[PDB]
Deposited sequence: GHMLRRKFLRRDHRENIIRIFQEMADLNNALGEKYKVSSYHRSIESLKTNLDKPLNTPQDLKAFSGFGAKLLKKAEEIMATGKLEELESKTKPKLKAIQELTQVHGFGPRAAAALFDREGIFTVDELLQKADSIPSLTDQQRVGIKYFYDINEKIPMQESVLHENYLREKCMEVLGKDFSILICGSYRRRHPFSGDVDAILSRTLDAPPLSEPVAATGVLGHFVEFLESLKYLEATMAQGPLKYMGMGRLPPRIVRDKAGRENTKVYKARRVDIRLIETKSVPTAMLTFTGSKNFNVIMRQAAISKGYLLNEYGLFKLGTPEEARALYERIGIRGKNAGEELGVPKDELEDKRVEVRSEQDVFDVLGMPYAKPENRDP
């Protein structure tokens, strides 16, 4: 049992799951978070992402008050306009959009507007997420990176000091780049809650649909339906899946097609 308490302890750190916690206990004799923090630098196996979880342990365990999330929203929207221009927009989802007084992180969607001209390739292929991230890094807002690819960024963002002088904690910031036609389904997914998404996706299954952030897809009967995911690359469904899309313009559209009563974001905590 000694290593069971250790695992439950060590998995409190961002980037450490049961597997990594066991290795720490067995190969390092480390059994407390406090020891992990004091020793991390002398452990070479740790990845760059685990190192961020350790360095920002204090900040990461503090919740963000709604008033500060409003400031992150305004900041990201302004910087988006400055460096990407009017073709793009930022929307903050997660527990903030569900109107919780506190949130664990900042969940942002970056997407092209309905008015922006259509592209000839997936928007992710333009490198735009990386350009936006570099801009935020030059401003010293983004100060550490956990993971980054062409669709999803996870890092630590800190609002600049405001003038007495107010100094802010670094916060977990997640940015997802989403195609225009996928925005209504991405708003559903990234607003959650987690349990709400599972319930709605189960409802889809029962009616012969696939629901994800990219769309609502009508698969048909259980047999007609029959490797990384259901069939998307760079944020775009493969043609065979795209052909199944039921176009939607609003969250309400999705509730309606699935025969579920509409719920406001603040009522999505089952």
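Chemist: Missing CA coverage against the deposited sequence, listed in sequence order.
Modeler: Unobserved in coordinates, per deposited numbering: 1 to 91, 255 to 262, 326 to 334.
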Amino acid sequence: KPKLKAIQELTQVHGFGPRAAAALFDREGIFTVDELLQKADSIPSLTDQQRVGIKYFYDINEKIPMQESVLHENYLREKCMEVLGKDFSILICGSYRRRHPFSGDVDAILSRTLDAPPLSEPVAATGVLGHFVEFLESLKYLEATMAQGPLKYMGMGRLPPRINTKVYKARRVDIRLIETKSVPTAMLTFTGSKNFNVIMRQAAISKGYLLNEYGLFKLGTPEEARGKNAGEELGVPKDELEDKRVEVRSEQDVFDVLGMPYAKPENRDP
From here on, numbers count along this sequence of modelled residues.
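Chemist: On mean Cα temperature factor in this entry, is 139 to 147 or 177 to 185 the higher one?
Modeler: The stretch with the larger mean CA B-factor is 139 to 147.
Chemist: Tell me which stretch, 56 to 64 or 40 to 48, has the higher mean Cα B-factor listed in the entry.
Modeler: It is 40 to 48.
Chemist: Reading the B-factor column of the entry, which of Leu241, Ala204, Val70, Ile30 has the highest value at its C-alpha atom?
Modeler: The listed residue with the largest C-alpha B-factor is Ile30.
Chemist: Checking the record values for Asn74, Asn197, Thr165, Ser95, which has the greatest CA B factor?
Modeler: In this record, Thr165 carries the highest C-alpha B-factor of the candidates.
Chemist: In terms of the CA temperature factor given in the entry, to which third of its chain does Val246 belong: lowest, middle or highest?
Modeler: Ranked within chain, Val246 CA B lands in the lowest tercile.
Chemist: Tell me, lowest, middle or highest third: where does the Cα B factor of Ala20 rank within its chain?
Modeler: Highest third.
Chemist: Thinking about Cα B factors across the chain, which third does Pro122 belong to?
Modeler: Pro122: CA B-factor falls in the lowest third of its chain.
Chemist: Within this chain's modelled residues, let me know which third the CA B factor of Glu232 belongs to: lowest, middle or highest.
Modeler: It belongs to the middle third of the chain when residues are ordered by C-alpha B-factor.
Chemist: If you rank the chain by CA B-factor, which third does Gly157 end up in: lowest, middle or highest?
Modeler: It falls in the bottom third of the chain.
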